[PDB]
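Below is one structure, written out as structure tokens; comments come after it.
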Amino acid sequence: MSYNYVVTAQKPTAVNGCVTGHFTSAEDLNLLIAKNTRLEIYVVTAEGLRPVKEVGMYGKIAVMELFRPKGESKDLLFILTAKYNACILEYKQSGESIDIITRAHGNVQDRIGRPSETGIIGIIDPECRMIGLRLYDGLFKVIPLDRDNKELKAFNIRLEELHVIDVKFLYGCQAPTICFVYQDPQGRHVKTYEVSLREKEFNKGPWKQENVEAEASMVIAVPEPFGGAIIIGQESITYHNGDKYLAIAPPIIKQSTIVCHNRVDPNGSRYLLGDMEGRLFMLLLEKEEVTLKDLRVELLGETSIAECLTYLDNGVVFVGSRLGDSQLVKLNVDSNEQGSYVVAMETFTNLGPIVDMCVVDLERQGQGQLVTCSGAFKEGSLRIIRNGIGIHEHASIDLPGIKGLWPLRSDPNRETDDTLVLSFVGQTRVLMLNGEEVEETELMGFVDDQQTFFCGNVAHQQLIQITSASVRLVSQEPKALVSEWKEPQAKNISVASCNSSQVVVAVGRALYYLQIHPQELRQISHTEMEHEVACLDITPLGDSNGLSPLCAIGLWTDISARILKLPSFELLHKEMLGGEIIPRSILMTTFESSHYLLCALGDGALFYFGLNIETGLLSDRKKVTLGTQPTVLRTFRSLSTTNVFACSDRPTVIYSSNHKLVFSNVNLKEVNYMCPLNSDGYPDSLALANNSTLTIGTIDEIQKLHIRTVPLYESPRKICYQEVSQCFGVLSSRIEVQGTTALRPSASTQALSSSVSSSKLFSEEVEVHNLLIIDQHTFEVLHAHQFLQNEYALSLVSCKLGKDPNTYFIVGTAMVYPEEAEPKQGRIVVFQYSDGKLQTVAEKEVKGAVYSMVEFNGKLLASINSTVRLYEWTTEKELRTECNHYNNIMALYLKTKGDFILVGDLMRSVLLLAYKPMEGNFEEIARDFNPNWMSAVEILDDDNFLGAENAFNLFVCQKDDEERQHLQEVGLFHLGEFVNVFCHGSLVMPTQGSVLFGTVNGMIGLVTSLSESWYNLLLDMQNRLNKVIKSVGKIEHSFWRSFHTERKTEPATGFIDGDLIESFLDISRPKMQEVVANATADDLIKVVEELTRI
Amino acid sequence: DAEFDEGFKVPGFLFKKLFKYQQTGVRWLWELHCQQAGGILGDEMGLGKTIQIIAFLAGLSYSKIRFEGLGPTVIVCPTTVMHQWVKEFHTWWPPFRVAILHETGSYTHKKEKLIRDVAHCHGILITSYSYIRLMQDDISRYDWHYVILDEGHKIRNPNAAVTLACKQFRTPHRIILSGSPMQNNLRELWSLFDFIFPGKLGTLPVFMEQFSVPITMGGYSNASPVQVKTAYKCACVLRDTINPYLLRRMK
Amino acid sequence: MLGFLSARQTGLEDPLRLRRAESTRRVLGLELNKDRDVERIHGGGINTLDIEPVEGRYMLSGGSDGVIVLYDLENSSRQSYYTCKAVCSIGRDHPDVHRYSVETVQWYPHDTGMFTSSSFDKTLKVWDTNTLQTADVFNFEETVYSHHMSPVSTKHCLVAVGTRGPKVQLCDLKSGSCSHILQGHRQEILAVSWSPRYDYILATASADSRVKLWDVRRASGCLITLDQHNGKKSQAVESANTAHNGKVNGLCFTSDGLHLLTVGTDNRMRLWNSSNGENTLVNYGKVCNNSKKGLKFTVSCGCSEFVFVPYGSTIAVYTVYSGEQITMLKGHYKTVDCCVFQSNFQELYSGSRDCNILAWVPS
DNA sequence: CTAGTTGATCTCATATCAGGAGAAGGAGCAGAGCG
């Protein structure tokens, strides 16, 4: 058996469905977005969207509709999963806590049935008397709702029309009436049935069948004043109410088919319609007294290619795209002088269909960096993805041993931090940093003969300084020191803390509380505590008055984070931490919900607790180990909120997103100290002090994965990296219509240089395929080599062949003519990139599409339609066949390791081929004889072959007389994503190997091998987390990860869902203790942390 | 109230009186009704089978499950226990109309009028086996819902006129109450199982050849051991075959 | 097709689209196998074939000489040309060989460790596939024309047997009970087939020109009798309501089990709504058959549906729901007795009176 | 009216070579006669 660990590096980003309604509360307007397995609940504010919850379904969300049963206060959510788990979910918020309770659940799969072509349709009666599901041909599954089920017992009604295109429930009908477009051999017709829940059968509909357009594909139920339906077809929009039959054939909608729609109003006087090109139309119903007088369609503008779109309010439309970035657009009443009313407000990153990718160690670091062909037709792009915050440094000053950083506004009028005070060993150094100029000057009011433990700007246009002996309150406006407080015993200050109003200093084992007032430093609260002081923070949070009411301390020999009551310095709460290393940093910070107290040790351990403004009680202890060196935490307010920077040998930006603490890495060497800085020239900038210098950089976003976007405006298909040439070869495809004309300026049409394929070998809308050479620094299209008319560039490999030293871009193509089903012609072109031009070094006309190429020990291994052949690169610079293998249906995927070739077939699924070099021919080592339709293949080890099935499954084959020719599927796992690419590499600097993969939905996942010991341990934990974690639809994890195909279903095996394991950190201590019944929990934290690092 | 699998409710006050085995029998009777198959309440004499039938019919009419709830049922019993059935029905479920088709009777008009009235009123017609033989022309023209035969072992002779008469009822819901549904040989069992569920035990020749000769011939004193094992084999086969439709509780 | 691959990669089309479209294209390109062969061991015509439902690797074949051959269809060799070798054989030297022609052989569903074979020697034998010994025998008073186990029953394990007797026998694998019979036919029951959709629904076709659907749990005879006209020629049910104008010698439920294909000796195939037996009036033209015994024909699965009917010495491929004639697979030298469809790779195996099993593969 | 007694009648159940002659049908061949 094989042991594999699958984890999600990037959650899916493609939006397959969105609905709006009052889900989170009766007064709120929610936007619920289904990304493949993630459900995102947003609240539609007057500006943007404020996320409230993001839950992960154990299922691909196929249907998602909000409905309000009689008596319900707020909307319930119906979700159907691709595996046919139906659930009705309610949002129950109990104060701070947010829950998604499963009001009902079930599994609605018929044991047999032809899953319908058009796909799962799920509709709800507008009076919530039933949910209709069209899952299979010839059946219409009904889940009644007036009968309060908890199991959603569902019954089939035999639907005599076997090919139903779309169906909706009509409005204003005494009984639940479905209206559906169906296809029979005589054409497409719209028919209506009334569903009788008591007779559990259909009845004659209100209005007879009507013969409609040949491609009538969408039905819109129109609300109560009008009723009836609007059938959208390819060329016409028709309206039916039983006697009224309006029809328009707007020429403007003929260019592309309308794929999503949405009702802007409640009475349906206006509908948004999105087509496959990204146009957005408004369909208007003009009423007459009420009946409907006439229909109008007008083109609002352009958006991302919408899968779904939702009208929120005030003209704001959420454009849900599977192929591009989703957009949040606005509808203005008037045009923008270019004919468009659509104005994009926001863009949500979507690594669209990741069709190919490579991990390049670009920037010559030790870190991989994915470069993905993301997106599609108009939305095509290259996305560059790395696990780093991105220092983005602008200046530096070589000052050694900087143990203190504080921003200062030396100029009184300016509110900007245009000065920085620094402490090194025993003195104070001021820096002016005026604009971009940086210099070392002395500021009035600061002692240069004593160290600065702390200093900062305070209220009353005042500064304050805490040195090792005294505290000096600098009156910036009038003159030098006027208020100074000195410890009565002339004891040195061991720790300091201060905010905009007050002060707390530690002298030995005693604490002093000082409050800053104009020309006054008044001591109020004082005590001499049990042990020495270690670290402090009194930063007010949610201040609202001018003073912080609480205090946080760290003590010696009783290693613990204590809390104190500020006016009296009594002991509020104690959490014991332990260890032989004293606390170093203590900070309290708001992270998106409430107050958290972050305390760290000298070994990189760091503890975050949930703190309250009344009691000051630390709850939900969770511990996280970052770094191997002491840490300090500094607060900086970015655009969105405050984010804390853990300064250590492993600097990390710790912030909270979606009401959870996620830690982002910073990828420089080391950071002793940091402080925020917003100078006239440096906005929201940082100042990272290390042992040597002070780097002054900003950080772009802190999302763990930084995603650059290189818009191509054309569908990219393949990508390979040529290091010697410092470029990416990207096969792209753009759609031109007519001789031919580009519909838009794509990256291929806007290259520096260009060229066209002039080949002597072979003698509506069409796809033009190009080879783009893209600079790997600036990502500009250095060159665009257009391929022949009707030539599809499929594969692209970069390699050096034979013995010549040149590195070649080798493209495999096929000739596509509409008269044929399989290319009979294709060619392999060898290009060399030099002098900014792309010369054609060689060609080889082959007799099929070259679906895949891999360079194979200096030889070229191509897979023409069903044959896999090996080419040799002769000294003459031409490709010469060496050996063939013909035993394939269609060799689509090829991988290589040494002498072994893994051939993924279209439907025979893997064949381990070996090139036996002494003879010069291939030999079938083994084959997996199951009929798995591959989407990709990979080689993990000398004897493990990963494959991705087209039914969203991963399987591992393993080299096992004639039964030695049977590869054994020792691993099985339902991923839920359609994997397009595997590739060795990892995005970061216990587990063996690392295979990344990209999916159609934008998931980037990572497969790695575990050992048997680790695998057994984690499988047992996996079972217990299933016993503890409660899934949203009460779906079983085992069922979710069960290998699933229409003719097979097995429980997973040999695979660890790393996602489920890593959820082990997101649970409270009692539940964790329940998980770890039969070694201690902190040990498993060691394991799961070590696992999350990969 | 007691709620069974799909829609069957028997009233709580009525259910409480029944013993554990009696309500198990009611459960079994309604499972048969769901299967639209007949059965034999083989519980021995005195264990209570009139009460189980009365409770099941009361729950069937009460539960409102052509016929809404309970249709017109006919109960064929020996002449000495007709008024016994009337008394039990009146005491246990007084809502039922329970008429006797017999010379004693209560009608005082043409009998055929009584059968018509009970058929069109969804009442319970208690009759004798002799009357079923005699009035088979009229008794089977009305689409009865239940054809309970009390002491249905009277149907044991497959060629008796009473058996051929009782096997004319079209309904699937055929029930026999008899604490001894086998008295002389396996032909009797075949006759009873032909009445309740015509198909399970096949045609009488086939049942003879497959069960009667093997099972009987292996019980004789001079039986060879191989023949004894064959009889054991056939008896086990037959027991498994008749298990779902025979409910026989001992004392 | 590169359009299909591109749409699958870009998510434009569900992979279901490519899978079923390519399955249909493969079935349309069915042709005599270029590089495949099947080992010849039957001395007489092959009356029946059955590929196991799970893993689709092994194939049973019953010959008119009474032998039962078990083939491995997988190409365990490295060449592109291979012969489907015979793994096992109930030959003439086996102690339990059928004395007369084997007319139906069927793998046990849910497990390949057992199969069954019925012969004109009036026996339905249940064989352990591992030891290759008869686990059980069910003797009948009259010759068996066909038998079928339910491909769906996790609960019951009944074998429906149609003999020249007018009764459909139901032989229970559990507690060996062959006494159960269904009454309502009048002549030899030439075909029987369990519904793939409904557990207890059995369709039986007999020489009385009638097809009856039974709920075997029920005590009240057949559920539906198929009628050509659906009521145009309506008469009290004694001789009317015939499925065909001849002997109905073949049954086949469609893949979903929502329709039933009946072939009769009136040179007609008909498609019936399996829920109420209504004739769908799909034409199919003239389907030549004159077989005096059961005719075994199968339907395709996992395609964008086809039916492969023996048609003289050929295989006629029709579209089930339109009736349009796809093609004639023409490679047999005598009348074709059976064809069995491998759904994994859209392959076909046809047995005929010429002592040959021919494999048809997509080109 | 109206129940109780009296006879007839039916069902059901209890084991263990030394004829001959003629008439009606079917069979195979032969030819005639026409498309």
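We number chain B the way Swiss-Prot does; in order, the residues shown are 490-554, 562-747.
Each Cβ is built from the backbone N, Cα and C atoms, and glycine gets one as well.
Feature annotation from Swiss-Prot assigns ATP binding site to B:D532, B:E533, B:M534, B:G535, B:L536, B:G537, B:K538, B:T539. Per Swiss-Prot, the feature motif 'DEAH box' maps to B:646-649.
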_In the chain carrying B:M534 (ATP binding site), residues 6 or more apart in sequence that have Cβ under 8 angstroms from it_ = B:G675, B:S676
*Which same-chain residues, if any, lie at least 6 apart from B:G537 (ATP binding site) yet have Cβ under 8 Å of it*: B:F508, B:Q511
*asked:* Beyond the listed site residues B:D532, B:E533, B:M534, B:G535, B:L536, B:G537, B:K538, B:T539, identify every same-chain residue whose Cβ lies within 8 Å of the center of their Cβ atoms for the ATP site.
replied: B:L530, B:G675
*Chain-internal residues near B:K538 (ATP binding site), provided their CB is under 8 angstroms and they sit 6+ positions away*: B:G514, B:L530, B:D532, B:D646, B:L673, B:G675
_I want to check the contact list for B:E533 (ATP binding site): same chain, sequence separation of six or more, C-beta distance under 8 angstroms. What comes out?_
B:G675, B:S676, B:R744, B:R745, B:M746, B:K747
*For the motif 'DEAH box' (B:646-649), give the DSSP counts of helix residues, strand residues and coil residues.*
2 helix, 1 strand, 1 coil
*B:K538 (ATP binding site): secondary structure state under DSSP, collapsed to three categories*: coil
*Under a three-state reduction of DSSP output, how is B:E533 (ATP binding site) classified: helix, strand, or coil?*
coil
*Inside 10 Å of the Cβ of B:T539 (ATP binding site), count up the other Cβ atoms and send me the figure.*
20
*asked:* Say we define neighbours as other CB atoms within 10 Å of the CB. Which of the binding-site residues B:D532, B:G535, B:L536 has the fewest?
replied: B:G535
